[PDB]
Each structure stands twice: as C-alpha cells, then as structure tokens.
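All remarks here apply to the structure that follows.
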C-alpha cells in the first residue's frame, strides 16, 4: 500500500534547518496535511502552560509517524500502523542506549524543552519530538521526576522535613544495565504531582468504604495508623470524593502506562537503528 | 482476505424488522465464532445479555474483549451479512447510536454493552425468537466514567444518587440502566479492587500528605476544591514521621507496577483507534488498536 | 542459467490489470480479460488455487529474526526446533554474548539450589557454567526483580552449528517459519510438565487466535516457569490467573510484614504469541538418547512478545 | 548384607582362593570389628565358584545396557565356555 505522507511546507528552509533536521532523521514524530499542529510542539509553545496530563492524553490520542527523508520543501514521513514494522533511531540529545531492550516507551519529554526540540526560525512553528526510551528507564524517570516535584514542593512550603540536596542525590541519576544517566532537574509537572497527591490522600476512605462494602480478614492487613478513622460523613461529599477518586485514579493508572508502547527486536549499536513494530 | 461471514436467518424477515435493521447499518456487532458461516442463534450480545437475568455488564466486557468484533454491511430478506474486524484493517463505522455521543474529539473509542437501556438497542427479530442487542460505542473519557459509575453504584447501594446514576457528558445527559446487585463478576471485580485497596493502603508515601496540608493551608488550587477546606487527623498521624528517599523510591517502584495492574484491570472492552473522523458522513475510518 | 530463468519466471508477481478508458474498443478487451481472470480465479478448478500462490504483494508478511551469539557450552544442539528461548538482560555495554535459556537449561537453572529434571540434567549435565552464566540468582529472586531481566525472544528456527561462539536465529515477532530457502514449518516444542491448558483447569465464544502465555512466578520453593495456553485476552488472562492464584493470595496474607515488599509481589505473565485456535495443540515427544519426554507441539505460530505484566 | 561381587582372573582355583583371602583381608577384620562372633556359624566369610573360561586377550570388552530410561555400565565376555563348580569357602 501507499503510506508516504507529505507535510505541506509553505516556507522553504535554510541550510541550518536542513542540518538540524538531518541530525534527527531517524526519530519519530506525532501527527494531528497541515504544518502548524504537526507535532508535539504545540504543547511546548508559549501559548499553553507546559502541563503533563493533557500532553500525554494528546500523545495517546494522536498518531505517530517516522520520517525517512528530509527535503527543503517537503517533509516526507511514514505514519505508524499496527500492521508492519519500521526502523527507528534513538537520536535524542538526552541519549539512551537500547542494548537489547525489547520494550520502548513514548513519553512526553520531561528532560526540558530545549533538550528535545528543533527550532525553526524561518518557519512559523517550533517543533519538538517526544522521548523514545526503554520502559524501565521510563518508569524510573517517572518516579524520579514525580518525587522530585513532590519533595520540591514540600521544601518550598517547609524544608524542615526534607532536603533538596539529599533528594537530588538519589533522584539526580538513574542507572539501568550499567548505563548511568543523569536527570537535569531545575511550574512543570505540577498537575500530575497534585493528582497523585490528592489520590493517595483520598485512598484511605476509599479502602474503608470498600472493606465496609463486603470481613476482619482483609481488615487486618491495613496498618493500625491507616485503620483508625472516624466514620461520620454525609453522602454527598463522600459520593463526590469517591467519584473524583476513581476518575483521577483511572487518569493516573492510564498515565503510568506509557502510551503506544513500541517494541524492538535487534538494535544495531553501530547504526543506532533497530527494527520497531507497534505494540 | 475475503473476511465475509453470512449470518443466515432461520425464518423470513418482516418488513418493519427489515427497516429496523437497515436503519442500523455499520454498527458494532460481536460474533461468537470466526468461521465461514454463522447463525443468528449465537449472534450478537443477546446470549449473555438476556431479559431473564440481571444485567451483568462486566462479563459482557469480558465477552467483548474475548470474542471477535464485526460491523454490519448488508441486511436482505432471510439473511444478514457481517464483516469481521482483524488487526491491520481499516473499517468505516457510522455513529448511528441512540445515546448520541459525538466523537468530536476523534480519540480512542470503546465498545460497551448497552448499559443505557436495552430498549433503544434491543433490535427485534420475530422470524426466530431472538433478541439481538447492539453494544454501544463511546469514546474513552465517557467510558471511564460509565465504568466508575458501574463500580460505584455497587459500593453506594448502602449509603443525590441521581448524579451517581446519570452520566455527565458535555453535550447532553442520558440516563443509564442501573441494576441493584451487579452480579458475580462485577462483585468479583469490586472484590479485587477491595483487596488491592486493602493491600496498597499501606504502600502509600508520606510526603504527599505534607504536600496536601501545605497546599490547602498555603496555595489553594482549583484541584484542592474537593476537601472544602477540611483535613482529617489521619493525614497528620501519617505526617508524624520524617520523610526518606530510598524506601520511598522502592515503595514508588512497586506503586508504579501496582497502578499498571490497576490500569490493565480497568481497561475492559476492545479499544479502537480512530483516524480522520468525518463528521458530515458521521463515519470514522478506524483500525483495532 | 536456464533453470534460474525458468524459476525466476515462476516467482514473479503478475502485472496489474489495465483499463483503457480513453479508447473504446480496448475497453472491451480490458473487461474481457477482467472476466477471464475472475472466472478462473473463482471457479472450482486448479486455476483457483493457482491464484492463491501469487499472494498479491495485509495478507502475508515476512517475519523478523533475532540473530544472537552465545557460547556452544550453554546450548544443546540435539534439541528440536521450536524451543522458546529466554534472553537475559546483560549489564555490560559491549558484551556480544547474551544468556539464552532453553526450558531444559532454564529448569536446571531453576532447580539447582532447591522427567523434566532427568531430561534437563541429561542434556545440560553441568550446572557450573550456567549458574556462572547469570551474575546472580538467589538475591535476584529474593528482590523479585528477576522477571524484568528475563525477556523472551520466541522459538528457535535455525541454529548454525559451531564448536564455540554458537549463533542462534529466533523468530521474535511475527509468523514462525524456518529460515532455509527450501521451505519448512517450525513446530513450537514446549515441554508438557511445565505446560497446562487453562481450559482443562477451568472445566465458550469461539476465538480467532488462542494465545500462548508464559508466567514466571516467585514460588517459595524457588522459580517456577509455566507455559499457559488460553482462549482469551491479555487483560482477560491476568484476571483468569488472578482466579487461579488462590494459594498465592493466601501466601500474601501469610507475610504480616508490609515493609518487605518482596513477598507482596507474585511473578509476572507475558503473552508470547498467537497460534491457530482451531488447529489446536498436539502432544508430541522430543527424544534424547536416554529418555523421551512428552512435549506440547504447537503449529502455525504468530509470535509477538508482550511485556512482563506483574500479577 | 551379602554382595555378589564378580572376579575375572587368569589364575588357578588354588591361587584364586588365596588371592581372594588376600584381597578380602581388610573385610575379614572389618566384619570381625563391626560384629562379634558369638555363635559358631558366623565365622564363615563368603564363598566362590568357578563359572567358566574365555580367552584372556579379547575378553571383557566393555559395553552398555539401556533400559527405557536409564543406562548402566555392563561388561561383555565373548565366546564363553560355562563350567560350573562347587562353593569353596573363602573365610
């Protein structure tokens, strides 16, 4: 079949734009054809706050596409389907090695906007690429950025319980299969940390309503501090609490799944290219 | 690959049934088998959704995620033709559904059992005494709220509740059918959620309570409106301790894998990726994600 | 050369049909050729199955293969073809050698420290090089992180023999076919003593493809590998194994201490592929020079390995 | 308990009795040390019997015996000539 999608470039590029595109040819790019909303760069603009949850929901909504050639007037890219495979490359300025890892995540880049972008000065837009990275690295950087947000908020409010340097000691670097990567951490990512925060502080009353739904067997295993609570609450506020509880828990749980999870078979470290099929 | 099953009827279709089927062409229908010729007795969701028993939609979720999926193209006299859905093939699906949920977001849709009432999708054949029910097709943000309302009426049967019963959509509000007792597998799913909550109530961090305390007292977000300026004493009595980093990171690793377990537990029913949804034709070129 | 021309004439896709809308009389012979092609690509004769071989290049796909380099000492060349291999995650940057595990070698990795035992210790008598082959086994099943360092790469299809530096070629994703240019079909051989059919344990919708699941678990005796076969989905089979793991939740109730997060986690499951649900599994017997064990034989496998989803 | 140990030898009966006394002289002291001969009949220690001859050159070429699942080492004596004899006590 035909799958070669052309993006309608109205403006002809200069030579440094060709250099900045040929640096990152093997990576993937999302989609909505038009050229303004062609990538994830519309979230990382100055138009909206760099929020995480709407970025991830757009990224799970929007299809992806890998590009093979770049010309000066036409952006040639092939879109992703679950049918066949494509060859993708890890050409991100935050570098990560695919040494035999069969799983790949497409998370929004929380390594900063400048670390994952291509800035088009002559063109109207400033495009970015989403982070393609192995899934244990992905969940690890999710943990170490989420707790960095929480532990940074707790020291903005009162640093008498946590310390910025001590949480930066353990949360400054991930380590997986020997490759010791660094986390450039300086607001961003406040919606997700607030979601997780209100969700884990709302789970005790949810678990107690669940254990009073249907006895001492499953009531023994909660700890004695998380067991004692006063059972005096009206039906309206508690109904709203449980509704928004399972709402944001569904958002959180589908968030901790990393979108359309790419899979690779043989990664050539010589060519930085692996066969990649949608999974 | 001519994937074209012919579901032959046992008896002759009447004219009002012909108009009722031909009004609903291109809608999602589940098959029992994938073999070259099936029968109406065994077609559709009517074998698991009967008028006899309680509507248990969780076993229907599991039947839908198990069984193959199809869309209807031809209804003639004495026969109707179905087209199977395989991964790797793009199909045209028209929004001909009586609970009008517009797919203007063009996100991932979800096949759902007709929780919104049998009577709008109980499409009737009096040729053979069979009641084909069409499963409802709706987007994912309405799918998560109908699934949480299904899981919440079972826990709020004991202890206003019209907000719990009816769905909250931006365009319209449709009333769905709620059974009082969910059934065997809905109670099994809520029991699995109960054991998950009773186990992971102690696998929660302690700096988030300091976060919600400092943010309710210091900088009230829009997202902190649910407490209405109220904190229990449980938050303080798990804030009586000092905060650490290693056991919190390990608790967070097992937390991410348990919330992945929660995600794939709540992910019920097949999910189809849309591509270039046409509002004017009311159809959407989709493949099975 | 003439044999090569007469063979390359056979392996040749047909030319596409033409419509000459511009001329008038050519449209007659165009639609005449169209009905001539249709009537002998539809009617019951040998001309019907003749058109099934041209394949029209969504129907057929060439599969990918996994080329890996191991030592010949960790491998037994006397095995049958469709052996589900388990690659281990290597921590070194430029290693080149990867720890693959046939289920017999996986069985002697399992039991050493704690018939399948007889066949496994008859093909893989030495436990020193293979327990040495992993960096650590007891702590890695103690921290319950052994699952993420085990990745499946599907069944073997062609093993080139070697005195040392053995190379295995396995189908990781897609339809399992042999690699030789004379064609053969690889039967996936899985030993019965770690296999079960889940419908024999359950005791009704006819599916398209019945999947094959592997569920490594952390049992109190040690590691246990189970090759599950089911009729259902991934999000379905995790619920089915939630019903099956009835003593596992009792063991999880048994550990009073919550801060030790090892014993709250009980293994992970992985979807290896999708075979023919109609042409079901057969029981076969892979023989060695000492014994012969019952081996579950699956034909027509379409492999797509899933991640380790934690129970 | 008893054992049925076999012996191949190219020597006479008169030599095989004495050389088996010499070979089993650790076991005579062993049996005297682990049990004490309170009664008369336990003073005896084993007996032999000549079973037959074969050519000493190409005898006892080793082989293997395979059952359904196992294999034990077996010995194999060619061109035998069975001559049984009576039980000469060894002590």
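Shielding of B:106-115 by partners, i.e. mean partner chain Cβ atoms within 10 Å per residue?
1
Highest average first, the peptides C:19-29, C:214-224, B:205-215 ordered by how many other beta carbon atoms sit within 10 Å of their residues are B:205-215, C:214-224, C:19-29. Expressed in Å, the radius of gyration and Dmax of the Cα atoms of the stretch D:48-89 are 13.8, 39. The Kirkwood radius of the stretch D:13-84, taken over pairs of alpha-carbon atoms, gives through the Stokes-Einstein law at 4 °C and 1.567 mPa s a diffusion coefficient of 82 µm² s⁻¹.
Modelled spin labels at residue D:3 and residue C:162, positioned 7 Å past Cα toward Cβ, are 4.8 nm from each other.
Per residue, the Cα convex hull of chain C amounts to 237 Å³.
What translational diffusion coefficient, to the nearest whole µm²/s, does the protein assembly as shown have by Stokes-Einstein, given a Kirkwood radius computed over alpha-carbon pairs, a temperature of 4 °C and 1.567 mPa s viscosity? Translational D for this selection: 39 µm²/s. The gain in end-to-end length when the residue D:86 to residue D:19 segment is fully stretched comes to 22.3 nm, 0.36 nm per residue minus the alpha carbon separation.
Taking 7 Å steps out from each Cα toward its Cβ at residue B:282 and residue D:49 produces label points 10.2 nm apart.
Residues of the stretch B:248-289 with the amide nitrogen closer than 15 Å to a label point 7 Å from the Cα of residue B:25, along Cα-to-Cβ, please. Of the residues in the stretch B:248-289, B:282-283 have backbone N under 15 Å from the label point off residue B:25. For the stretch C:236-266 and the stretch C:117-140, what is the separation of their Cα centres, given in Å? That distance is 27 Å. Between residue C:18 and residue C:118, the FRET efficiency from the beta-carbon distance, with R0 = 60 Å, is close to 0.35. Computed over chain A, the P(r) curve from all C-alpha pair distances, binned at 5 Å from the origin, holds 1, 5, 10, 13, 15, 14, 12, 10, 7, 5, 3, 2, 1, 0, 0 percent per bin. From largest to smallest, the equivalent ellipsoid semi-axes obtained for the stretch B:1-149 from the alpha-carbon gyration tensor read 23, 18, 15 Å. Size descriptors for the stretch C:151-214: radius of gyration and Dmax over Cα atoms are 15.7, 51 Å.
The mean count of C-beta atoms from other chains within 10 Å of the C-beta of residues in A:218-229, rounded to a whole number, is 5. In this structure, residue C:260 and residue A:235 have a Cβ-Cβ separation that, at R0 = 30 Å, corresponds to a calculated FRET efficiency of about 0.15.
Of the peptides A:50-57, A:222-229, A:63-70, the ranking by mean beta-carbon count within 10 Å, highest at the top, reads A:50-57, A:63-70, A:222-229. Shown for the stretch C:141-276 is the translational diffusion coefficient from the Stokes-Einstein equation, using the Kirkwood radius over Cα pairs, a temperature of 25 °C and a viscosity of 0.890 mPa s: 141 µm²/s.
Would you kindly state how much longer the chain becomes between residue C:246 and residue C:291 on full extension, computed as 0.36 nm times their sequence separation minus their alpha carbon distance, in nm to one decimal?
Numbers: separation 45, 0.36 × 45 = 16.20 nm, distance 3.49 nm.
So the extension gain works out to 12.7 nm.
Averaging sequence separations of C-alpha pairs under 8 Å and six or more residues apart, then dividing by the length of the stretch B:1-128, give the relative contact order as a whole percent. Display every interim value, and only then the final one.
On the way: 175 pairs, mean separation 48.2, N = 128.
With pairs under 8 Å counted, the relative contact order is 38 percent.
Inter-chain Cβ neighbour count for A:189-202, averaged per residue, equals 5 (cutoff 10 Å, partner chain atoms only).
If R0 is 41 Å, the Cβ-Cβ spacing of residue B:185 and residue B:160 corresponds to a FRET efficiency of close to 0.90. Let me see the pair-distance distribution of the stretch B:181-289: every alpha carbon pair, 5 Å bin width, integer percents in order. For the stretch B:181-289, the pair-distance distribution reads 2, 8, 12, 12, 13, 15, 12, 10, 8, 5, 2, 1, 0. Tell me, how many Å apart are the Cα centres for the stretch C:173-195 and for the stretch A:146-219? The distance from the Cα centre of the stretch C:173-195 to that of the stretch A:146-219 comes to 46 Å. Using C-alpha pairs below 8 Å separated by at least 6 residues, the relative contact order for the stretch D:23-78 is 23 percent.
Coordinate-derived values only; no laboratory data. Cβ atoms come from the backbone with ideal geometry, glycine included; neighbour counts cover every protein chain shown.
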